[PDB]
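> I have a structure I would like to understand better, so I am pasting it below and will then ask my questions one at a time.
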Amino acid sequence: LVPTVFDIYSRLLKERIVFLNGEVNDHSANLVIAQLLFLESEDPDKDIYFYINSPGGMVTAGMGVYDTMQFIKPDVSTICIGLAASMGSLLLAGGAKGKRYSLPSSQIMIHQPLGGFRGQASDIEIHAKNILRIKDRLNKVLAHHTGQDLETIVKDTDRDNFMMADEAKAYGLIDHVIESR
Amino acid sequence: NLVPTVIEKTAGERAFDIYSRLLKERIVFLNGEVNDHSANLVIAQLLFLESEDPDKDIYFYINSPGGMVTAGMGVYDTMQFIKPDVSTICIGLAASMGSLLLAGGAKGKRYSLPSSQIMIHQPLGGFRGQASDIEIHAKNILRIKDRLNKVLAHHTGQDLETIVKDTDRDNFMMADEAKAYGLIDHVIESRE
Amino acid sequence: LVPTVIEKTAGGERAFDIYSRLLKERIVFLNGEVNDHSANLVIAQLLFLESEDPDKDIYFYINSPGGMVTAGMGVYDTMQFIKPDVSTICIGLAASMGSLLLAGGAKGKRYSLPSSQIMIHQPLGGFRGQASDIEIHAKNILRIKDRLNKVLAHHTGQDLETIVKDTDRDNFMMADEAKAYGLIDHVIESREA
Amino acid sequence: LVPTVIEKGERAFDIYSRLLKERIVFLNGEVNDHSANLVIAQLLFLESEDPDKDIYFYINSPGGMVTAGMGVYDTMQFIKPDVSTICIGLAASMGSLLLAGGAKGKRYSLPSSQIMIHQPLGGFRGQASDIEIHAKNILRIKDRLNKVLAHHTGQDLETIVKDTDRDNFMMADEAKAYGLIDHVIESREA
Amino acid sequence: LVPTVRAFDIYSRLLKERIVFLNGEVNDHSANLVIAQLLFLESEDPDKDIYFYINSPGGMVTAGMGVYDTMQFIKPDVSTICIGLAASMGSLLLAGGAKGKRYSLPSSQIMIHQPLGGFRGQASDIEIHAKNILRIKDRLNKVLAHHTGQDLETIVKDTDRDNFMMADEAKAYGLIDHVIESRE
Amino acid sequence: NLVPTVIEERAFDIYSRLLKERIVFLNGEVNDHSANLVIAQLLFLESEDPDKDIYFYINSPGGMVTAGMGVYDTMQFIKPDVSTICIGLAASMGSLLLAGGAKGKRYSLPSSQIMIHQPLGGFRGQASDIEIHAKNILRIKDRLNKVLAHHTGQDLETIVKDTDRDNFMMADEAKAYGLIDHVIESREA
Amino acid sequence: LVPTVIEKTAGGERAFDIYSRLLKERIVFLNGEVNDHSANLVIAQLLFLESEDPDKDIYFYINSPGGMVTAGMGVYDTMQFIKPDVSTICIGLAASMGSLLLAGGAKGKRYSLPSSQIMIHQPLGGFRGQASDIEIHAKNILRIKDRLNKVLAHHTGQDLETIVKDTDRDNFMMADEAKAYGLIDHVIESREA
Amino acid sequence: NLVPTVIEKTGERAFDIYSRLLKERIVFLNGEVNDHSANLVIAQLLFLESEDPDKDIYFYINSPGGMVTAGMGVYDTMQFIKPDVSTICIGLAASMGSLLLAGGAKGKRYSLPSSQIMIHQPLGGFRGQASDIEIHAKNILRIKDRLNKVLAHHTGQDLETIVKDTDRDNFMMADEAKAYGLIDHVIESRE
Amino acid sequence: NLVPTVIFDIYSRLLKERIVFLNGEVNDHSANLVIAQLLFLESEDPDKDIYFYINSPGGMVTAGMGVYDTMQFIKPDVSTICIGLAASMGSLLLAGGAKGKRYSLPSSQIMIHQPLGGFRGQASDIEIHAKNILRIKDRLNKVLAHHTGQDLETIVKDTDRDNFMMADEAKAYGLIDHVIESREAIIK
Amino acid sequence: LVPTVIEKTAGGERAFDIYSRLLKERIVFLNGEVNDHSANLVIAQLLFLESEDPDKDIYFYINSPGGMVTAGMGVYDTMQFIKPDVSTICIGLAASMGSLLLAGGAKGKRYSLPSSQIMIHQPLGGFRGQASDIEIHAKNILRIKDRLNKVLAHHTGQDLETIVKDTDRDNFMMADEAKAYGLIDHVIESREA
């Protein structure tokens, strides 16, 4: 449990450090959003350092974080410190141009969305078409931030695609692999 | 209480349960949910009865809320395949696959008792996984929906689009309404 | 020879049990909940007894709290459809669909033993989903309620309005009250009388 | 596993159907729709076999469902044969009612049996209007059952009411004195 | 599962030789099956002995006392033979066999105790049930005293807690008449 | 990963710190707990200043109608304009709250999912009681449809048609529909 | 200084939360089920506010499906007992005991926001045991039903027979219908108007 | 919703509402009587006596009862301490709850008008050997007798009247409870 | 898969050759079935050997000692053969077969140990149950000593913990008399 | 008069099923897990078939993932003890104790169908308790591991050192690989062969 120094996360927050750690859900996404807005209110020009260690989770929650990162005035530098899978890798890749990093041993994984629905065929169809629109949007977001063609992203996310940091840098998901300060 | 037995005296004795005894009278029941077990038992009985006599009618008594479409469509196809006319009689509920099986009985030989509930609908399903697989299964269930609607259209004489409109939500019908719609041929109250 | 037992342990057991013995005398039981299994078994017995002799009474002994209306109305319809008169006899409880089946026995041949409980009520149902589907299921159950009230009115001789009033809440009757109401024709205490 | 008896061609009987040939019927364990109906079926069967020969109804029951049990009671009174009753362990609640409802002079207990009488148990949850309907009903049931006990025992209704307010356990000899049975029997030769 | 051996299951074949088993818990089902077998054997021949093999930890007192009473009621002598355990109501049934005809195999475990029970509810009802179980305790002690020949006070002292006896100890105490090691 | 603290001398949870900027979140399901907390924040902010705008951020799949309609009514009742901003999902009761924001001050970030549909309910009992509850949910459905019509500018008929089954919209489509006024991508706009 | 939070995670937490802030403005919430916990908390707040000032109104905001009658009638009684007028405002749902508490606010000071659901009904109960005890509990619940009807009659100005008729089954009302019925005094849409 | 806080200016200090009402010598029993709830009441009673041994305490009761041993500790503490403990029923006082209500200081036992008061005999339960069953049955009869004696003493009723009237659950309205002696006053309005 | 038939189930057919199986745990059901079979076979022919095939991890001591006593009591010699496992009461029953007529197949696992028990309650009752299991332990050790020809002291030492033996080791110890691999081989 | 069924419901059901009819052709199945029940039934069948004819081959069809070693080794030993050759035939899977039994069939009469999966490995076990007892059970399973490897070495003709190496982890083989390894003698695809 969290030592005092402030709790340590609150102390690091005052140096513009924000963590996403574990699953992306409504609670974790919203906490990140709250910290980003707070940091922008404190100083709208200073960079923010967003440390990501996440297997992903809820797309709608995560796209809230993604959007807030683009919306606020501060550049949001992203740093992968373990795993950045699924929505986690989207958040990593959506950091500020030239300010997307990973530590050398991190796993970065990209895939297509997961979902499901039970009900009448009419409703299955509505939800199927929705997740296909989401799939298309997430692919377009990755294409944008990575510099890959959409067709490359579509092919490369059809199944789970695990990359090491150096592969992820080459692919355009990050800008730098950093080993020491 | 479980199924009773009848003893038939032989030149000793044989025992038959009541359903086995009524099978001798070419009576077959679908009772309760349609699943692989229940559908296959009906199919086996239908095939047996055709083997015993290919030309005599079979009397298929239906009380079902439906269930698995693939299991049920085996029954439907078997009913059409075999040479005997399969008369259908709704004796309580014919819902979903139940009503499809009722409507699929031999021309002019689809019956309901007067208080039966008939219900027609669109198929239910579900799948969890990747967007690609969700699309595969969604496409499949839409094809199944279309096929089931075409079957209903064929046997009722309704336009396909009328069946589509009328099955978009659960549609409950009384026996007389089911007759008027073409899901059955006769509402019967007394043997006479 | 086929072995004799008190009760079969499974439907396909090759043994002649007490219920099979009494089926030979044209006695059929509904015992416990009305559901697809119990209702269909009664229907099979009624069709069989009809095929054995279309012109001999059937004695339908009822002890049931009711249960599924669709299953139960299949039994009610079969009772009216077949050629034999189906005499009904309440031997403990006839509630809800149980009382409907009791009251649907052949004219003048509806009986209760003296201590039986008879209860009439309006149907119970339930549905969860979209408002559109709630409305569909509501309209259906109201139609069913109306149909059942008309069945009871027919067999009892009561006006429809009286049936509606008296089934709004659970209505418990002793056997003599059930006779007076028209749900049965006779209360019987001894075979000799 | 129920043992088999073969009788001379030849027919196998379960032990209970073998005893059924001697017009012996058991109620064993809880009174419910299953057990009550099985008893009723056997009584109807034995009447059909012979309407004048006595039936011997052995009871070992803690009671159970009143409606199911009252079907057995009414069937006992209805059929032409006298239904002798014999308590072989416990007759409690509906069990003791069925025991006491046996034919006049032919209600027995073995010497170590426990016989218990009490008032009806019920339960209901719902609207106050419905609670009242069900309460009124169970009071009517309580009254009926007390009148049945009064009838078969010879006790005044007021005594039955007093004595069944709470569980009332009696030894076989005490049940005989009370009028719930006619005889305690310890050996066949006596 | 039960082998077949006229074709019977093995218990039915042994029943034909007047052999009856109580195996496992005494409850309404198991007690009643024994009763049915005893009444059947009496009907078949009222004079011939019955051999009642017991291996049971006991169980329901009321179910057990029906068996005990039936044993005393029927005309046949009911020899009892412990072939494993005879504890609680099991030992009462062993001890209640015909005078001189209560046996045990040499390694059997015999155990006697006071009744177990319990009840929850209003104090008035607790008292009613407590009073009842005390009468049951008294009756069962009198049954054991009668069949063993011990004084009532001795039975009371010796059943206050679980009292385990070996077959020779059970014989000396009067719970059985003979310990039998071989037929020959 | 729990709630960070900000010190201004007094400690604030991050959410109370943002409450000083008149920012309020609805996050996750609408239920009595979450709704009541929003209502309390709105009443508080009104008491702090009845004229200053309130910024109500919504990321919700909806939930209990009665709970949610309390939030809706409070939004309309208090003097401050309640600006609404969709930051992920606004589905069902969530989209109603979004669409109920002050005229001209209803926003979404570009990637949000907005979904509208008809009410869900459920009842078990006597036919008489089934009918009572059915009549009630139909009145609720009608009232919710008239609320959407009012705030969107769509005719009632269009709202009824478009909410019969789940209807998902991207932020720009929700804007064109009248559920929001602006899609915002960058603070400099 | 005492830290500020949106909501306390525990009762004894040393922080000043949104509810604490509004309690300073004499605002009290009943939110969710009426049970011993929620009821007692409202009572404590009412007693505290009376002790702070016996001559200033309290604003009691209600969003509740009801629940335990004994707990809720403590709140009702406390509202009547204390010197301050307790204004009631429905802010989502006021059903069963919730609607009684709403209707029990100070004369002329009972409000609803426009979209609130108000529902009145008869009490719900349950008991299992001996017939004697069933009768005791039935008699009690009927007395409770009668008292609650008399309370509703008193605050609404409806006659007792009207209340009895109208609460026999669940009776759902919109805010305007509740005002017409006398369960509230005003439907309020905007603070300005 | 959880207990709110009040800030008192000094810096600042925080109290929850129950802690704030404890300053006004108000103590609550709310919900089931168990070791936790009973002991917390006892601790508040002892604390209030320490703060002022002569000023009344106001003990608000809304309880279905519960554990007799835990509750009889509260009962004894109420009699033992120097301050009068006024009791006020604010919803339900059943079983041990009614005993605690009835055991308030003479003349200072109150109910609000709609409260439900219920008196009964004790509930218990035990499983084991007949010997131990007897031991526990004897104990609960003695507890039954002692609780009836407590009620007789505080109500003024004859013991046998209490015995008769608690054999089954006995529900009383506040006015009936006053007539019976379980409380002294039904109060509708502070004024 | 379930017991097949011949125009008898397979076990009934083998019972005609006086073959009785103990297979799986020793409990009241399995023990009593063995006893019923032994009594039956004795009554059919009291002079012919009975062959008792054992594959059992043991189980309840009272149930199993009924089988032990019945094996000694009846007139037929009860030959035993281990056809998989004979552990705990399984090994005791194997060892208790007729002198010279106890066998094992070659790969069988024999295991001997002391009794397992358990009790919760008052100290007085714990003492009673403890005293009883100690007497049972003694009796079972004396039974093994008798059939193996080992001294009691050796049995105690070797059963203090689970003691696993291969068939040849069990034979050397006296728990069986012969290890048999082929029906055609001379019995050694 | 003994009725015919595809499969028996119970052990002592009086019906002549598909397996009984095949047992008349000296066909015996091990299907599914090796445990006391499945092993003992195979043993019973092997002894029966030996009594019916001591010379004729037995056809032991194996589709098994393995299971309990003690139970399985009783089947193995019985196969070696009885007079008639037990030919083994893999019809799906022969894994762990399944493959040992496959490989333990009579010389030259061990078969597989072409698509079967054969898997060999070392023993799985487990024990919890005192360190002394852990050592006892560890020593025992190591002895079992040794004997089982020696059994595979004997029937395959592989050296012990090869079997130890190749069973250290799960080793899956197709039918042709298993023949080449010596676990079977022939892979059979057609009746005409």
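Just so we're on the same page: first chain in the structure tokens is A, next is B, and so on; residues restart at 1 for each chain, and ligands are numbered from 1 in the order they show up.
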Return as a list in words the full set of residues in region 11-43 of chain I whose backbone-based DSSP assignment is helix (DSSP H, G or I).
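Output for region 11-43 of chain I, helix (DSSP H, G or I) only: residues 11, 12, 13, 14, 15, 28, 29, 30, 31, 32, 33, 34, 35, 36, 37, 38, 39, 40, 41, 42 and 43 of chain I.
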> Mind listing as a VMD selection string which residues of chain C are within 12 Å of chain J, counting only C-alpha atoms?
chain C and resid 1 to 2 10 12 to 15
> Would you save the residues from that selection as an mmCIF file, in the first residue's frame, using N, CA and C atoms?

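The result, stored in selection08.cif:
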data_model
loop_
_atom_site.group_PDB
_atom_site.id
_atom_site.type_symbol
_atom_site.label_atom_id
_atom_site.label_comp_id
_atom_site.auth_asym_id
_atom_site.auth_seq_id
_atom_site.Cartn_x
_atom_site.Cartn_y
_atom_site.Cartn_z
ATOM 1 N N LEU C 1 -42.772 -63.026 -17.575
ATOM 2 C CA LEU C 1 -43.841 -62.054 -17.204
ATOM 3 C C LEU C 1 -43.215 -60.739 -16.742
ATOM 4 N N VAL C 2 -43.935 -59.641 -16.954
ATOM 5 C CA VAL C 2 -43.430 -58.318 -16.607
ATOM 6 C C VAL C 2 -43.435 -58.186 -15.073
ATOM 7 N N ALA C 10 -37.803 -45.029 -13.600
ATOM 8 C CA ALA C 10 -37.607 -44.292 -14.854
ATOM 9 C C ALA C 10 -38.714 -44.618 -15.848
ATOM 10 N N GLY C 12 -38.776 -45.412 -18.973
ATOM 11 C CA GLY C 12 -38.561 -46.602 -19.800
ATOM 12 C C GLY C 12 -38.376 -47.907 -19.042
ATOM 13 N N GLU C 13 -38.528 -47.896 -17.712
ATOM 14 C CA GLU C 13 -38.350 -49.122 -16.921
ATOM 15 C C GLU C 13 -39.359 -50.201 -17.341
ATOM 16 N N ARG C 14 -38.876 -51.439 -17.474
ATOM 17 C CA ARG C 14 -39.718 -52.554 -17.889
ATOM 18 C C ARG C 14 -40.307 -53.206 -16.633
ATOM 19 N N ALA C 15 -41.323 -52.533 -16.096
ATOM 20 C CA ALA C 15 -42.031 -52.978 -14.904
ATOM 21 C C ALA C 15 -43.429 -52.358 -14.877
#
> Any chance you could list, as a ChimeraX atom specification, the residues in chain F that come up strand (DSSP E or B) when DSSP is run on the backbone?
/F:5-7,11-13,23-27,30,54-60,63,82-91,106-108,113-116,120-126,167-170,182-183
> If you count only C-alpha atoms, which residues fall within 8 Å of residue 40 (chain D), apart from same-chain ones fewer than 4 positions away, as a PyMOL selection string?
chain D and resi 36+44+71-72+75
> Find the residues around residue 97 (chain H) up to 6 Å (only C-alpha atoms counted), leave out those fewer than 5 positions away in its own chain, and share them as a CSV table (one decimal) with C-alpha atoms, in the first residue's frame.

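See part_29.csv below for the written result:
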chain,number,residue,atom,x,y,z
H,63,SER,CA,-34.1,-2.1,17.2
H,64,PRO,CA,-35.5,-5.5,16.6
H,65,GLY,CA,-33.4,-6.8,19.5
> Tell me which of F:51, F:142, F:164, F:9 sits closest to chain B, counting only C-alpha atoms.
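Result for the nearest residue to chain B: F:164.
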> Can you work out which residues from chain F touch chain C at a cut-off of 7 Å (counting only C-alpha atoms) and hand them back as JSON, numbers by chain?
{"F": [118, 119, 120, 121, 122, 123, 124, 125, 126, 127, 130, 131, 134, 137, 138]}
> Based on only C-alpha atoms, which of the residues in chain B come within 6 Å of chain C? I want them as a PDB file with N, CA, C and O atoms, in the first residue's frame.

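Saved file out-v8.pdb follows:
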ATOM      1  N   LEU B   2     -44.213 -40.547 -13.246  1.00  0.00           N
ATOM      2  CA  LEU B   2     -43.511 -40.914 -14.494  1.00  0.00           C
ATOM      3  C   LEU B   2     -44.460 -41.635 -15.444  1.00  0.00           C
ATOM      4  O   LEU B   2     -45.587 -41.952 -15.065  1.00  0.00           O
ATOM      5  N   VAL B   3     -43.990 -41.895 -16.666  1.00  0.00           N
ATOM      6  CA  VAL B   3     -44.784 -42.585 -17.693  1.00  0.00           C
ATOM      7  C   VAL B   3     -45.241 -43.954 -17.201  1.00  0.00           C
ATOM      8  O   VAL B   3     -44.401 -44.717 -16.757  1.00  0.00           O
ATOM      9  N   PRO B   4     -46.559 -44.261 -17.266  1.00  0.00           N
ATOM     10  CA  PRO B   4     -46.954 -45.637 -16.956  1.00  0.00           C
ATOM     11  C   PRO B   4     -46.637 -46.649 -18.056  1.00  0.00           C
ATOM     12  O   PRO B   4     -46.230 -46.291 -19.158  1.00  0.00           O
ATOM     13  N   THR B   5     -46.864 -47.910 -17.731  1.00  0.00           N
ATOM     14  CA  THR B   5     -46.647 -49.023 -18.635  1.00  0.00           C
ATOM     15  C   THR B   5     -47.970 -49.685 -19.012  1.00  0.00           C
ATOM     16  O   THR B   5     -48.927 -49.638 -18.257  1.00  0.00           O
ATOM     17  N   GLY B  12     -46.574 -65.360 -22.688  1.00  0.00           N
ATOM     18  CA  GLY B  12     -46.091 -64.507 -21.600  1.00  0.00           C
ATOM     19  C   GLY B  12     -46.619 -63.078 -21.683  1.00  0.00           C
ATOM     20  O   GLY B  12     -47.826 -62.871 -21.862  1.00  0.00           O
ATOM     21  N   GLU B  13     -45.719 -62.099 -21.554  1.00  0.00           N
ATOM     22  CA  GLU B  13     -46.078 -60.671 -21.548  1.00  0.00           C
ATOM     23  C   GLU B  13     -44.983 -59.788 -22.148  1.00  0.00           C
ATOM     24  O   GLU B  13     -43.795 -60.096 -22.016  1.00  0.00           O
ATOM     25  N   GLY B  32     -41.832 -29.772 -24.900  1.00  0.00           N
ATOM     26  CA  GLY B  32     -40.788 -28.963 -24.301  1.00  0.00           C
ATOM     27  C   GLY B  32     -39.790 -28.470 -25.326  1.00  0.00           C
ATOM     28  O   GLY B  32     -40.062 -28.430 -26.524  1.00  0.00           O
ATOM     29  N   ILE B  91     -50.851 -28.712 -29.259  1.00  0.00           N
ATOM     30  CA  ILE B  91     -51.546 -29.073 -28.029  1.00  0.00           C
ATOM     31  C   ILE B  91     -51.072 -28.277 -26.812  1.00  0.00           C
ATOM     32  O   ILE B  91     -50.917 -28.839 -25.735  1.00  0.00           O
ATOM     33  N   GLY B  92     -50.889 -26.973 -26.984  1.00  0.00           N
ATOM     34  CA  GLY B  92     -50.544 -26.082 -25.876  1.00  0.00           C
ATOM     35  C   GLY B  92     -49.804 -24.857 -26.373  1.00  0.00           C
ATOM     36  O   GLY B  92     -50.377 -23.776 -26.487  1.00  0.00           O
ATOM     37  N   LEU B  93     -48.525 -25.034 -26.670  1.00  0.00           N
ATOM     38  CA  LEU B  93     -47.687 -23.954 -27.150  1.00  0.00           C
ATOM     39  C   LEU B  93     -46.978 -24.391 -28.423  1.00  0.00           C
ATOM     40  O   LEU B  93     -46.499 -25.508 -28.522  1.00  0.00           O
ATOM     41  N   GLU B 189     -62.021 -28.627 -32.106  1.00  0.00           N
ATOM     42  CA  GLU B 189     -62.498 -28.580 -30.722  1.00  0.00           C
ATOM     43  C   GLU B 189     -62.954 -29.958 -30.226  1.00  0.00           C
ATOM     44  O   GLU B 189     -62.746 -30.312 -29.066  1.00  0.00           O
ATOM     45  N   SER B 190     -63.610 -30.712 -31.097  1.00  0.00           N
ATOM     46  CA  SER B 190     -64.087 -32.034 -30.748  1.00  0.00           C
ATOM     47  C   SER B 190     -63.763 -33.009 -31.862  1.00  0.00           C
ATOM     48  O   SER B 190     -63.773 -32.643 -33.032  1.00  0.00           O
ATOM     49  N   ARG B 191     -63.478 -34.253 -31.497  1.00  0.00           N
ATOM     50  CA  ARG B 191     -63.252 -35.287 -32.506  1.00  0.00           C
ATOM     51  C   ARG B 191     -64.544 -35.540 -33.292  1.00  0.00           C
ATOM     52  O   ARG B 191     -64.486 -35.815 -34.481  1.00  0.00           O
TER      53      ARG B 191
END
> Which distance in Å separates CA of residue 38 (chain I) and CA of residue 79 (chain I), to one decimal?
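Computing the Euclidean distance for CA of residue 38 (chain I) and CA of residue 79 (chain I) yields 11.7 Å.
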> Give me the residues within 9 Å of residue 38 (chain F) as a list in words, counting only C-alpha atoms and dropping any in the same chain fewer than 5 places off.
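Counting only the stated atoms, we get residues 24, 25, 26, 33, 43, 56 and 71 of chain F.
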> Starting from chain F, keep only residues with some atom at most 10 Å from an atom of chain A, counting only C-alpha atoms, and report them as JSON, numbers by chain.
{"F": [1, 2, 3, 4, 5, 6, 7, 11, 13, 14, 15, 17, 18, 21, 23, 25, 26, 27, 28, 29, 57, 58, 59, 60, 61, 86, 87, 88, 89, 90, 108, 109, 110, 111, 112, 113, 165, 166, 167, 168, 169, 170, 184, 185, 186, 187, 188]}
> If you count only C-alpha atoms, which residues fall within 8 Å of region 53-64 of chain D, apart from same-chain ones fewer than 2 positions away, as number ranges by chain?
D: 23-32, 43, 46, 50-51, 66, 69, 81-96, 99; E: 28, 63
> Could you save those same residues with C-alpha atoms as a PDB file, in the first residue's frame?

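In the end it all went to out_37.pdb:
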ATOM      1  CA  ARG D  23     -52.917 -55.509   1.424  1.00  0.00           C
ATOM      2  CA  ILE D  24     -50.015 -53.825   3.264  1.00  0.00           C
ATOM      3  CA  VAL D  25     -49.332 -50.177   2.289  1.00  0.00           C
ATOM      4  CA  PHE D  26     -46.522 -47.991   3.753  1.00  0.00           C
ATOM      5  CA  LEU D  27     -46.278 -44.261   4.248  1.00  0.00           C
ATOM      6  CA  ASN D  28     -42.649 -43.729   5.042  1.00  0.00           C
ATOM      7  CA  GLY D  29     -40.995 -40.329   5.525  1.00  0.00           C
ATOM      8  CA  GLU D  30     -42.413 -36.922   4.543  1.00  0.00           C
ATOM      9  CA  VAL D  31     -45.949 -36.361   3.287  1.00  0.00           C
ATOM     10  CA  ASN D  32     -45.687 -34.635  -0.080  1.00  0.00           C
ATOM     11  CA  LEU D  43     -55.533 -47.715  -1.655  1.00  0.00           C
ATOM     12  CA  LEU D  46     -56.560 -52.546  -3.177  1.00  0.00           C
ATOM     13  CA  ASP D  50     -61.364 -56.475  -3.110  1.00  0.00           C
ATOM     14  CA  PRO D  51     -63.693 -53.863  -1.655  1.00  0.00           C
ATOM     15  CA  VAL D  66     -51.551 -30.677   4.506  1.00  0.00           C
ATOM     16  CA  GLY D  69     -52.083 -35.531   3.364  1.00  0.00           C
ATOM     17  CA  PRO D  81     -62.358 -51.373   2.813  1.00  0.00           C
ATOM     18  CA  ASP D  82     -61.542 -50.569   6.417  1.00  0.00           C
ATOM     19  CA  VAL D  83     -58.095 -49.011   6.516  1.00  0.00           C
ATOM     20  CA  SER D  84     -56.394 -50.281   9.637  1.00  0.00           C
ATOM     21  CA  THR D  85     -53.473 -47.984  10.612  1.00  0.00           C
ATOM     22  CA  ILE D  86     -50.251 -49.017  12.368  1.00  0.00           C
ATOM     23  CA  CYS D  87     -47.593 -46.614  13.666  1.00  0.00           C
ATOM     24  CA  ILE D  88     -44.096 -48.154  13.218  1.00  0.00           C
ATOM     25  CA  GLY D  89     -41.806 -45.395  14.473  1.00  0.00           C
ATOM     26  CA  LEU D  90     -43.144 -41.861  14.171  1.00  0.00           C
ATOM     27  CA  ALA D  91     -46.557 -40.349  13.489  1.00  0.00           C
ATOM     28  CA  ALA D  92     -46.228 -36.582  13.766  1.00  0.00           C
ATOM     29  CA  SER D  93     -48.322 -33.723  12.466  1.00  0.00           C
ATOM     30  CA  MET D  94     -50.118 -34.998   9.327  1.00  0.00           C
ATOM     31  CA  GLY D  95     -48.713 -38.438  10.232  1.00  0.00           C
ATOM     32  CA  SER D  96     -50.694 -38.555  13.443  1.00  0.00           C
ATOM     33  CA  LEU D  99     -52.973 -42.629  12.039  1.00  0.00           C
TER      34      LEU D  99
ATOM     35  CA  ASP E  28     -36.638 -43.835   7.244  1.00  0.00           C
ATOM     36  CA  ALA E  63     -36.884 -45.063  12.352  1.00  0.00           C
TER      37      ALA E  63
END
> Mind running chain C against chain D at 6 Å and telling me each contacting residue's nearest atom pair with the distance in Å (one decimal), counting only C-alpha atoms, chain and number ascending, as JSON lines?

{"residue": "C:1", "atom": "CA", "partner": "D:11", "partner_atom": "CA", "distance": 5.6}
{"residue": "C:3", "atom": "CA", "partner": "D:12", "partner_atom": "CA", "distance": 4.7}
{"residue": "C:4", "atom": "CA", "partner": "D:13", "partner_atom": "CA", "distance": 4.9}
{"residue": "C:5", "atom": "CA", "partner": "D:14", "partner_atom": "CA", "distance": 5.3}
{"residue": "C:6", "atom": "CA", "partner": "D:17", "partner_atom": "CA", "distance": 5.7}
{"residue": "C:32", "atom": "CA", "partner": "D:33", "partner_atom": "CA", "distance": 5.9}
{"residue": "C:91", "atom": "CA", "partner": "D:71", "partner_atom": "CA", "distance": 4.7}
{"residue": "C:92", "atom": "CA", "partner": "D:71", "partner_atom": "CA", "distance": 4.3}
{"residue": "C:93", "atom": "CA", "partner": "D:67", "partner_atom": "CA", "distance": 5.7}
{"residue": "C:189", "atom": "CA", "partner": "D:78", "partner_atom": "CA", "distance": 5.4}
{"residue": "C:190", "atom": "CA", "partner": "D:78", "partner_atom": "CA", "distance": 4.1}
{"residue": "C:191", "atom": "CA", "partner": "D:78", "partner_atom": "CA", "distance": 5.6}
> Quick one: distance from CA of residue 89 (chain A) to CA of residue 130 (chain B) in Å, one decimal?
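Between CA of residue 89 (chain A) and CA of residue 130 (chain B) the gap is 17.1 Å.
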> With only C-alpha atoms as the atoms that count, which of E:104, E:79, E:70, E:4 lies nearest to chain I?
E:4
> Quick one: everything within 9 Å of residue 48 (chain H), counting only C-alpha atoms, minus sequence neighbours fewer than 5 positions away in the same chain. Send it as a list in words.
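Contacts, in chain order: residues 22, 23, 25, 43, 53, 55, 57 and 83 of chain H.
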> Hey, can you check how far CA of residue 94 (chain E) sits from CA of residue 164 (chain E)?
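We find that CA of residue 94 (chain E) and CA of residue 164 (chain E) lie 14.4 Å from each other.
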> Could you tell me which of G:177, G:159, G:146, G:57 comes closest to residue 115 (chain G) if we count only C-alpha atoms?
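With only C-alpha atoms as the atom set, the closest residue is G:177.
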